[PDB]
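Taking the form deposited without the named molecule, here's one chain by itself in structure tokens.
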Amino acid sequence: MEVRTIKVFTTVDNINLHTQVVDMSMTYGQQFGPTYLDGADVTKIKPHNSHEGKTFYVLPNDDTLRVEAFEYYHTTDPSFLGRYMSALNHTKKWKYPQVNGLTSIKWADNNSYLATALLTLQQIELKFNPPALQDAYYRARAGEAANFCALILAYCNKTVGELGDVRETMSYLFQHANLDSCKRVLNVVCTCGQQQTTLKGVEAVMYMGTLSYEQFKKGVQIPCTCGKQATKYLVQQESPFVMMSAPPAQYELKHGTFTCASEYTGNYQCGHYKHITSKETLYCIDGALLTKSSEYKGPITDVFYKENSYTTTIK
């Protein structure tokens, strides 16, 4: 019945802080709308003794807080934060082992496709532009990837334990990186004329249909029997990596010719990714798990290869 307040801080970036005076009769709800402490919803938990001086993430309710979230996260999605928080709240009790000098995640909540994305992020050259991703990535490379993993989940709109694709995942991660200088040129072969595309940005590091890069630049028969069934070949690449992608098929991975690749077992209704990286030998990372051999054969879905500048000569 006596008035008893604490002092806390709100935030949508965890950096710019904001002094509030909070009442211990009233929920966090009734003051700041939805409020989170480290992933946990306090929207209902009344202001405790132990919460004084501590930072609560809120929802961009005012305008300053719109400006901060935008500048931090590059998105105005009405539920982004809550999506971050729900997921932060799982991913902080995930473990993140050093495996062969890279940060991976231990299997939890069907994070297989995340472990593999993470391991790929750390072997390819790419710069995120959302400060939020720059910070969390930096921490992730340091083995505290909890923040990082909750954001991916946030930015791809997957919730913890939800069915997950690596190709799409990385699309979403490509959207928010700087991949401008990225240029690809393509032409079509065989009867009936000949018509050229040249792709840019994400569209220029990503190809669906074949895992083999060499097979891209030699050509592929593609669905396009316009009268002979045409072949697709790369003419120019300008990009620091490339990402080839197909339906899961059995594929042999040859030391020293690619950088890293993604394997998948199961159907479209459950399954598991592993990651294969090419060092002094071939390393197969499965969450906390690490095997090796000289050769690999298996169900491959995406492969990554080192790039700078290829110009065709094939015609």
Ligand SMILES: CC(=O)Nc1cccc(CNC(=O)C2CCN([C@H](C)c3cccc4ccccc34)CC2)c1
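Basically, rigid core = biggest C-alpha set you can superpose within 1.5 Å across the two forms. Heads up: residue numbers just count along the shown sequence, starting at 1.
This protein has a second form, the form deposited with the named molecule bound, left out of what is shown; the following refers to that one.
Checklist line | Partner-proximal stretch of 117-125, 97-105, 161-169, 140-148 relative to the named molecule in the deposited complex, 4.5 angstroms, heavy atom | finding: Contact criterion met by 161-169 only.
Check: Are any of the heavy atoms in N267 no more than 4.5 Å from a heavy atom of the named molecule in the deposited complex?
Finding: Yes, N267 is a contact residue.
Notebook entry, point to check: Contact between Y273 and the named molecule in the deposited complex at 4.5 Å, heavy atoms?
Noted result: Contact with the named molecule, yes.
Note to self: How about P248 - does it come within 4.5 Å of the named molecule in the deposited complex, if we only consider non-hydrogen atoms?
What the structure shows: Taking the distances in the deposited complex, the answer for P248 is yes, it comes within 4.5 Å of the named molecule.
Note to self: I'd like to know whether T11 contacts the named molecule in the deposited complex, with contact meaning heavy atoms within 4.5 angstroms.
What the structure shows: So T11 does not count as contacting the named molecule.
Next item on the list: At a 4.5 angstroms cut-off on non-hydrogen atoms, which residues of 207-227 are near the named molecule in the deposited complex? List them in order.
Entry: Residues within 4.5 Å: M208, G209.
Next item on the list: Kindly specify the one residue in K228, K95, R141, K200 whose Cα moves by 2 Å or more between this form and the one not shown, with superposition done on the rigid core.
Entry: It is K228; the other listed residues stay below 2 Å.
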